[PDB]
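So the sequences go chain by chain: B and A. Going left to right, the first sequence walks through residues 2 to 417 as PDB author numbering numbers them. Going left to right, the second sequence walks through residues 2 to 417 as PDB author numbering numbers them. These notes concern the structure reproduced below.
2 protein chains.
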Amino acid sequence: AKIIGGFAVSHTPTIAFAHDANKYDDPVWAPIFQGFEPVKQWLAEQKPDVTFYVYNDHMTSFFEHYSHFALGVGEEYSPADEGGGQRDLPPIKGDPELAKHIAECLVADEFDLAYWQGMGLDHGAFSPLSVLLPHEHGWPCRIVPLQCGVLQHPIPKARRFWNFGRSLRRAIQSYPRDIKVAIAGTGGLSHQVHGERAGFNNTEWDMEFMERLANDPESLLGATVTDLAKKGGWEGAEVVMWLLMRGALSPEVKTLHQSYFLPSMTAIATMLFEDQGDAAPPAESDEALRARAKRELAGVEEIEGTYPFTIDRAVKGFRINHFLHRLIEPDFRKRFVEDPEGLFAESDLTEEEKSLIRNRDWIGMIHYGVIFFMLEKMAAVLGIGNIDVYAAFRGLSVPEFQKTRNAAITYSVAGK
Amino acid sequence: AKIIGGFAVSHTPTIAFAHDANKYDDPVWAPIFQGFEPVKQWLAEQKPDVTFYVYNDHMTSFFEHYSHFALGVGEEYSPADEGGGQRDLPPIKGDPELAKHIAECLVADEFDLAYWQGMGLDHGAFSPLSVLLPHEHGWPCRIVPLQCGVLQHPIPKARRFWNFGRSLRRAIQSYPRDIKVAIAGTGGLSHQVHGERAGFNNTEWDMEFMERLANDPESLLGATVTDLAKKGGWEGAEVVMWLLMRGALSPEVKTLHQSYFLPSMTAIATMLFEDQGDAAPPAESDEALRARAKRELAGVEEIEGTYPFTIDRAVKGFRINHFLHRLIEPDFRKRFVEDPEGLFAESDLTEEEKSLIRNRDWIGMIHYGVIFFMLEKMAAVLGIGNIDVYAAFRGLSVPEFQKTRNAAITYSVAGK
Ligand SMILES: O=C(O)c1cc(O)c(O)c(O)c1
Ligand SMILES: O=C(O)c1cc(O)c(O)c(O)c1
Ligand SMILES: [Fe+2]
Ligand SMILES: [Fe+2]
Ligand SMILES: [Fe+2]
Ligand SMILES: [Fe+2]
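Here it is in structure tokens:
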């Protein structure tokens, strides 16, 4: 509930490569590390509990289904395979509770989101994180990732990114735990990595953009994609993500540090901001925002025999849902019927999860966090219908349950 | 550009099964068909070119990545496997042009979207379609699917669904072809299919809701999820999608038909609305709206050697981007390096597409519509770096290209 500041950093794989090839000592590469060091030192000294982390995936985990604002709500995130194998990094921990509260505020502010778990983070996240935070056994803080769909047009306007940041500030502020939160925006600065224009940089624009983002970010809010691509290269226009982070900070900030280095394709830059707090009181008190965020499901606990699939439940039931979900794969559901024990022995399921499936504990699974639709599919796999599951939920024989219906009929989701 | 009207219909897999099992002869099932018949007949008579089709995926194609408003932008859609094989239905065609236009308008109105291609349509979609539209040989119209994330809370508010429908109206009207568009809302009415409350129905509310949706929909815009689930059962609350459809229609509509039937778990209902056009001209002209929708990328054409990855290019490049994307899978990439021709032979790629990859035609791939990040993965897989691809983009040797950089370094996205 206290924002301590935030940082902006390039995410080019140059950075990841430098860490992985130990170019630390090499003077050609060294300005990257000198650039990142104060940010690294600040994070080690301030110890945020959670860093809300703004980046874009580069058509690695996000491709056939591609969303604008994708909130990472899961327990952990491993590195993604980008065609040369996963980087040797430990998973970083998420924060489902914080993520949930943020989702709730942002949805009440009429932003449309995506939620995701269990997919890798590509270079867009782990390239700079790997230089900013020591990563033995785990990582110094939690992150709540926000993956932004900045590469498939149309994308949200610069001002939408800004306005997201503003709502994010209040959401974070109003989270009812006394914890420290830093905000990161990655990407940029100028670069183009495609077409005959590949190799474009604009240091003059980079300096001005840095200056304006720090001290007059509202001046940037009428910039178009075209404006940003013309001045800083096609992919350099990813800096709208810097506007999101900056919008989540105080109207004025202390620039603790900034760095600029252009060795190759990309202007590698960092910026470190100390939040200055709110000069003005907020239009809406934390108390009132918290009540407005929960008003959609206020009173929902009064509904008996109902297990709302909220984010916490989605996270709790993730492994088992994910396993049951694979029953739509013909080779997987074949192994499930024929050699279930072989499939369990290979899974990441707890004994309790295996046992619920093995016992066909219909209500037990709903209770646990399984969404009915996973049970619907399992039913189909076993050649039994929906009515069988419903009767099990009611603790009744199929015949007794069928008496509650206006007609006695049967059906399933089975195809051909 | 002309909206002819819209229809609301239940999407329970009772309907899909009723059709696949030929239950039209059984009087217990008969009235499912009796209810759908007028909507069937209206469709055959009116012949819309495209149905803009609002449904929810029941955690089949959307699970680990789950978005609020996911717009189907691809060429065609096949039925999904839901554990019992795909239903025996021919693919239905998309409308990438209409979908791109709608994206542009909705984003300008500050709705945050997801874009998807190539994933199957579950019972949310094909269940009622299979009874609404003959499919002996393909389908009578195209669709643009809007998959709504109504199952994992927090979801967007009732008023947000409605407002989406309000912009969608203008989005469709402003589309510059004289096609006829129908709009479909699916789901409902009262049902609950999980927990000890499974089997809840409330006919008295279903009737009020039908009444109010037809003739006073704005009186529904204050309903919370709690209101909807309490009155209509947990899953019954998906009727927010009916609201979205209704928002896209004229403020007043003529109800041509409604039906209601409660055999088993779900209240199976249909509503058919005739659009009445616009009483007064819109707040914003079609032309001003298109201006607003296009301004972010206006004058992007003046940026040389640059190929914005817009939706049309995402559709054009889908097959090949998909194929290259699979380079992230260890087994796939090993086949790619070791027997590319075997891999090509198995794939759905065209000869041109195969050539582009075979010849390592970097810039030719960009021109074709391959996004660079697929090429980045491909270079990594092949043991070469980003520099190599950038040099080819420019038509320079690597040493000649390195001279344009401040330092001559090499790097890639390779892991362990
Ligand atoms: O070649 C580069 O410097 C580069 C490559 C990337 O994939 C990227 O996202 C980036 O920001 C920079
Ligand atoms: O059992 C039912 O009537 C039912 C099952 C579903 O999976 C569903 O999406 C629905 O709207 C109704
Ligand atoms: Fe490391
Ligand atoms: Fe990026
Ligand atoms: Fe059929
Ligand atoms: Fe449903």
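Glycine included, each C-beta is placed from N, C-alpha and C at the ideal position.
{"query": "Using a Cβ cut-off of 8 Å, which residues of the stretch 72-94 of chain A contact any Cβ in chain B, in chain order?", "result": "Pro80, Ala81, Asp82, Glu83, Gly84, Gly85, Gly86, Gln87, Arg88 and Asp89"}
{"query": "In the DSSP assignment, the beta strand (DSSP E) including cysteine 149 of chain A goes from what residue to what residue?", "result": "143-149"}
{"query": "Return the CA-CA distance between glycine 365 of chain B and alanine 104 of chain B, expressed in angstroms with no decimal places.", "result": "28 Å"}
{"query": "Is there at least one Cβ from chain B nearer than 8 Å to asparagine 203 of chain A's Cβ?", "result": "no"}
{"query": "Taking Cβ-Cβ distances shorter than 9 Å, what residues in chain A pair up with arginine 406 of chain B?", "result": "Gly200, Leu263, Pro264, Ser265 and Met266"}
{"query": "So, with DSSP's three-state summary, where would you put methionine 272 of chain B?", "result": "strand"}
{"query": "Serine 68 of chain B CB to nearest chain A CB: under 8 Å?", "result": "yes"}
{"query": "Answer yes or no: do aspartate 50 of chain A and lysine 181 of chain A have a C-beta to C-beta separation smaller than 8 Å?", "result": "yes"}
{"query": "Taking C-beta to C-beta, are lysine 378 of chain A and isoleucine 329 of chain A nearer than 8 Å?", "result": "yes"}
{"query": "Which residue or residues does DSSP assign as beta-bridge partners of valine 51 of chain A?", "result": "A/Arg143 and A/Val182"}
{"query": "Between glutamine 153 of chain B and chain A, is any beta-carbon pair separated by less than 8 Å?", "result": "yes"}
{"query": "Does DSSP put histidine 258 of chain B in a helix, a strand or coil?", "result": "strand"}
{"query": "With a threshold of 16 other CB atoms inside 10 Å of the CB of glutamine 277 of chain A, please say whether the residue is buried or exposed.", "result": "exposed"}
{"query": "What does DSSP give as the partner residues of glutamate 77 of chain B in its beta bridges?", "result": "B/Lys94"}
{"query": "Is it a yes or a no for the stretch 256-268 of chain B touching the stretch 168-180 of chain B, going by three-plus beta-carbon pairs under 8 Å?", "result": "no"}
{"query": "Kindly provide the chain-ordered list of residues whose Cβ lies closer than 6 Å to any non-hydrogen atom of ligand 5.", "result": "A/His20, A/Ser131 and A/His136"}
{"query": "Using a beta-carbon distance cut-off of less than 9 Å, what residues from the stretch 107-120 of chain B approach chain A?", "result": "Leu107, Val108, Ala109, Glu111, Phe112, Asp113, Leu114, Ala115, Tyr116, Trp117, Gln118, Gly119 and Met120"}
{"query": "Under DSSP, the alpha helix (DSSP H) around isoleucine 388 of chain A begins and ends at which residues?", "result": "387-395"}
{"query": "With 8 Å as the threshold, decide whether the Cβ of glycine 300 of chain A is near any Cβ in chain B.", "result": "yes"}
{"query": "Give me whichever residues DSSP pairs with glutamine 403 of chain A in a beta bridge.", "result": "DSSP output for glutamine 403 of chain A lists no bridge partner at all."}
{"query": "Please return the same chain residues whose Cβ sits closer than 8 Å to the Cβ of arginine 359 of chain B, not counting the five positions on each side in sequence.", "result": "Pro341 and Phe345"}
{"query": "Are the CB atoms of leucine 114 of chain A and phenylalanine 70 of chain A within a distance shorter than 8 Å?", "result": "yes"}
{"query": "Going along chain B in order, which residues have a C-beta closer than 7 Å to the C-beta of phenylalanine 374 of chain A?", "result": "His59 and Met60"}
{"query": "Please classify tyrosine 116 of chain B as buried or exposed, where buried requires at least 16 other C-beta atoms within 10 Å of its C-beta.", "result": "buried"}
{"query": "At a Cβ threshold of 8 Å, is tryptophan 243 of chain A touching chain B?", "result": "no"}
{"query": "Just to make sure I have the definition right: I need the residues of chain A whose C-beta is within less than 9 Å of the C-beta of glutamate 305 of chain B. Which are they?", "result": "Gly196, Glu197 and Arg198"}
{"query": "Please list, in chain order, all residues of the same chain as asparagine 322 of chain A whose beta carbon is under 8 Å from its beta carbon, the five residues on each side excluded.", "result": "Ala315, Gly370, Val371, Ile372 and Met375"}
{"query": "May I ask you to report which of helix, strand or coil DSSP gives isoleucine 5 of chain A?", "result": "strand"}
{"query": "Which whole runs of the beta strand (DSSP E) in the stretch 84-128 of chain B are 3 residues long or more, in chain order?", "result": "115-117"}
{"query": "Looking at the structure shown, is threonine 267 of chain A part of a helix, part of a strand, or coil, going by DSSP?", "result": "coil"}
{"query": "Going by DSSP in three states, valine 29 of chain B sits in which element: helix, strand or coil?", "result": "coil"}
{"query": "Cβ of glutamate 105 of chain A less than 8 Å from any chain B Cβ?", "result": "yes"}
{"query": "Where does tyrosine 67 of chain B fall in DSSP's three states?", "result": "strand"}
{"query": "Anything in chain B within Cβ reach of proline 157 of chain A, meaning under 7 Å, just list it in chain order.", "result": "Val108 and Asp113"}
{"query": "Going by DSSP, which residues form a beta bridge with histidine 154 of chain A?", "result": "B/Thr311"}
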